[PDB]
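Below you'll find only one chain, the form deposited without this ligand, shown as structure tokens.
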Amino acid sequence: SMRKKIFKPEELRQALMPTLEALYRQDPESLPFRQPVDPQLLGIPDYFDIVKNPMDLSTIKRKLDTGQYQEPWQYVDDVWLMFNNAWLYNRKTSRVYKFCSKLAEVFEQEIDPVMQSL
């Protein structure tokens, strides 16, 4: 049979937190992603029009710590949401877009063997 595995939040934290840590350890590349974008402080008033579902590393980390992910796919979705938001909002020539691309390469490398082990 093809059984759907049940995951406990503390098990997801142990398995998935290292993949998030790998993003945070990229410096300077993770710096734009460590806290929610504040459009007022960054002077980008159109941000929340373009980005309907903001996401950032601090939110993902707190969701892992506090057990808000029932399934690993939800964590993976939040990470790709964060990256796709940044590629959407920022220009291809921009520092943040290029940092995003680096983080996404790191994430793809880290998430695949972890998800295979899960």
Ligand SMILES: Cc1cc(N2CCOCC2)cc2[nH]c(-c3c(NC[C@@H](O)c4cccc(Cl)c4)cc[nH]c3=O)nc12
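For every residue, the number given is its place in the sequence shown, counted from 1.
One more form of this protein should be noted, the form solved in complex with this ligand, which is absent from this view; the next part is about it.
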Checklist entry - Any chance residue 115 has a heavy atom within 4.5 Å of this ligand in the bound PDB entry? => result yes
Item to check | in the bound PDB entry, residue 84 touching this ligand (heavy atom, 4.5 Å) | outcome: yes
Item to check | is_contact(residue 11, this ligand) in the bound PDB entry, heavy atom dist at most 4.5 Å | outcome: no
Checklist entry - In sequence order, which positions of 92-113 have a non-hydrogen atom within 4.5 Å of this ligand in the bound PDB entry? => result 101, 104, 105, 108, 111, 112
